[PDB]
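One structure below.
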Amino acid sequence: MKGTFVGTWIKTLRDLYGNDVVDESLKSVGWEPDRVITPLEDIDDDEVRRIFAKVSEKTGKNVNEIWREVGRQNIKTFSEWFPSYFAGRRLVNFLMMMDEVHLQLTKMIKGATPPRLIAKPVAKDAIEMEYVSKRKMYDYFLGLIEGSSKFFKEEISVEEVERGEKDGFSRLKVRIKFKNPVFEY
Ligand code: HEM
């Protein structure tokens with residue numbers, strides 16, 4: 001994962017559970033206590049999993065809920081970096097463009113494997129969206145949907161339809177229902 005993102009996640013872990021919890025977990029993975037996470041460096045996905053695991057211990061909270069909260073909080077940070085993706089958009093159109101955005105933002109990186117996030121309308125007030133990735137970050141994905149609903153102030157309900165791994169690709173399909181209709185007739 002790009003260090004940009006991992007560093008963002010660490011700050012949220014710090015902001016949520018405290019410098020003590022985080023600093024102890026960054027040492028159990030061998031990180032120097034003075035490490036500066038540059039943008040372009042790529043941090044190993046399993047090192048991040050270890051970090052999140054230690055924080056789950058040192059807090060008693062389930063690591064899925066930690067990932068969910070990190071997801072909810074990350075949307076705000078993305079609006080700081082990419083305000084054009086948020087400007088003038090409604091929630092449903094933001095969600096439907098995420099698949100394309102993740103392609104556009106990784107296509108200059110050799111060997112990038114961005115998650116697929118295809119969304120399609122299934123009713124006047126609902127869409128389906130399917131996460132597809134080697135990385136199996138189900139709760140991060142769910143948390144980002146929830147954070148998007150809070151950012152845009154459009155309430156939704158999320159129904160999980162299917163989850164599972166095929167080969168190495170994890171897949172999670174959800175049905176997102178908007179409390180008000182989002183389509184026109
Ligand atoms: C403007 C908002 C957003 C931006 C700019 C953005 C961008 C990115 C980028 C560049 C990555 C790294 C991909 C890679 O390294 O392969 C990523 C990771 C990820 N993105 Fe987003 N994202 C946004 C919102 C969302 C939303 C709304 C969702 C879900 C609906 C989502 C789902 C994910 C997941 C689950 C990952 C982790 C990688 C994985 O599971 O394979 N993102 N995001």
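If you read the sequence from its start, that first residue is 1, and numbering goes on from there.
Atoms CD and CZ, from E47 and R50 in turn, are 6.0 Å apart once rounded to the nearest 0.5 Å. Atoms NZ and CG, on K61 and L16 in that order, are 12.0 Å from each other to the nearest 0.5 Å. One distance of note links CD1 of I37 with NZ of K2; it measures 14.0 Å at 0.5 Å rounding. Between the CD1 atom of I51 and the CD1 atom of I43 there is a distance of 7.0 Å, given to the nearest 0.5 Å. Between the CE atom in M98 and the CD1 atom in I145 there is a gap of 11.0 Å [rounded to 0.5 Å]. Annotation: the span from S133 atom OG to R171 atom CZ amounts to 10.5 Å, rounded to 0.5 Å.
Remark: the backbone N or O of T12 is not paired with any side-chain donor or acceptor of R14 at under 3.5 angstrom. Judged purely by atom type and a 3.5 angstrom limit, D15 has no side-chain atom pairing as donor or acceptor with the backbone of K11. Under the 3.5 Å distance criterion, the side-chain polar atoms of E65 are left unmatched by any main-chain donor or acceptor of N62. In this structure, the side chain of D99 engages the main chain of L117 through a donor-acceptor pair within 3.5 Å. Between the side chain of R89 and the main chain of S84, a donor-acceptor pair closer than 3.5 Å is present. In this structure, the side chain of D45 engages the main chain of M1 through a donor-acceptor pair within 3.5 Å.
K150 has its side chain out of reach of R72: every pair of non-hydrogen atoms, C-beta onward, lies at least 4.5 Å apart. Using a 4.5 Å heavy-atom threshold, the side chains of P114 and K107 count as separate. Inter-residue side-chain proximity for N180 and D125 is flagged as unmet; no heavy-atom pair is nearer than 4.5 Å. Looking only at side-chain heavy atoms (C-beta outward), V174 and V161 stay at 4.5 Å or farther from each other. The shortest side-chain heavy-atom distance between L40 and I109 does not fall under the 4.5 Å cut-off.
Atom NZ of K166 has 12 or fewer heavy atoms from other residues, nucleotides or ligands within 6.0 Å. The 12-atom threshold is not exceeded at NZ of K124, counting heavy atoms of other residues, nucleotides or ligands nearer than 6.0 Å. For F183, the CZ atom sits in a packed shell: over 12 heavy atoms of surrounding residues, nucleotides or ligands are nearer than 6.0 Å. Heavy atoms from other residues, nucleotides or ligands lying under 6.0 Å from CD of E155 number 12 at most.
If you chain together hydrophobic residues whose side chains sit under 4.5 Å apart, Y85 and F78 fall into the same group. Tracing side-chain contacts under 4.5 Å through hydrophobic residues (I, L, V, M, F, W, Y), one reaches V6 starting from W81; they form part of the same cluster. Residues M97 and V132 do not share a hydrophobic cluster, defined by chaining ILVMFWY side chains whose heavy atoms lie under 4.5 Å apart. Linking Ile, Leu, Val, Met, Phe, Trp and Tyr residues whenever their side-chain heavy atoms come within less than 4.5 Å places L13 and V21 in a single cluster. With hydrophobic clusters built from ILVMFWY side chains whose heavy atoms lie under 4.5 angstrom apart, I118 does not share a cluster with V158.
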Exercise for the section: Report the C-alpha separation of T106 and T113 in whole Å, then their side-chain angles, then the decisive distance to 0.1 Å, and conclude whether the side chain to side chain contact (heavy atoms under 4.5 Å, CB included) test is met. Expected result: CA-CA 8 Å; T106 61; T113 45; over 6 Å; no

Practice task
Show your reasoning for whether salt bridge (charged side-chain N to carboxylate O under 4.0 Å, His left out) applies to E32 and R35.
Solution key: CA-CA 5 Å; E32 196 101 282; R35 166 166 206 171; over 6 Å; no

Exercise for the section: Using the side chain to side chain contact (heavy atoms under 4.5 Å, CB included) rule, take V22 and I10 through it: C-alpha gap first, then chi angles, then the decisive distance, then the call. Expected result: CA-CA 7 Å; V22 172; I10 302 283; 3.8 Å; yes

Practice task
Kindly determine whether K136 and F169 satisfy side chain to side chain contact (heavy atoms under 4.5 Å, CB included), including the steps that lead there.
Solution key: CA-CA 8 Å; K136 206 218 296 299; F169 287 99; over 6 Å; no

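Considering every non-hydrogen atom in both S149 and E154, the closest pair reads OG-O, 2.6 Å. Across every non-hydrogen atom of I75 and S148, the tightest pair is CD1-OG, 3.4 Å. Considering all non-hydrogen atoms of both residues, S170 and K134 come closest at OG-O, 4.3 Å. For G71 against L144, the heavy-atom pair with the smallest separation is O-CD2, 3.4 Å. For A126 against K177, the heavy-atom pair with the smallest separation is CB-CA, 4.1 Å. The two residues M129 and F141 make their nearest non-hydrogen contact at CG-CZ, 3.8 Å.
Ion pair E128/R175 not flagged as a salt bridge, since none of the NZ, NE, NH1 or NH2 atoms sits closer than 4.0 Å to an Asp/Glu carboxylate oxygen. With salt bridges taken as basic N to acidic carboxylate O contacts below 4.0 Å, none links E130 and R116.
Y138 and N64 form no side-chain donor-acceptor contact under 3.5 Å, judged by distance and modelled atom types alone.
Across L95, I156, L91, a single residue satisfies side chain to side chain contact (heavy atoms under 4.5 Å, CB included) together with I127, and that is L95.
Taking the six-membered ring where the residue is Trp, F5 and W9 present tilted rings, their angle falling between 30° and 60°. Between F52 and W67, the ring planes lie parallel to each other; the angle is under 30°, not in the 30° to 60° tilted range.
For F152, the ring-ring contact (aromatic ring centres under 6.0 Å, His included) partners two or more places apart in sequence, or in a different chain, are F86, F94. The salt bridge (charged side-chain N to carboxylate O under 4.0 Å, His left out) check on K58 picks up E24, with sequence neighbours excluded.
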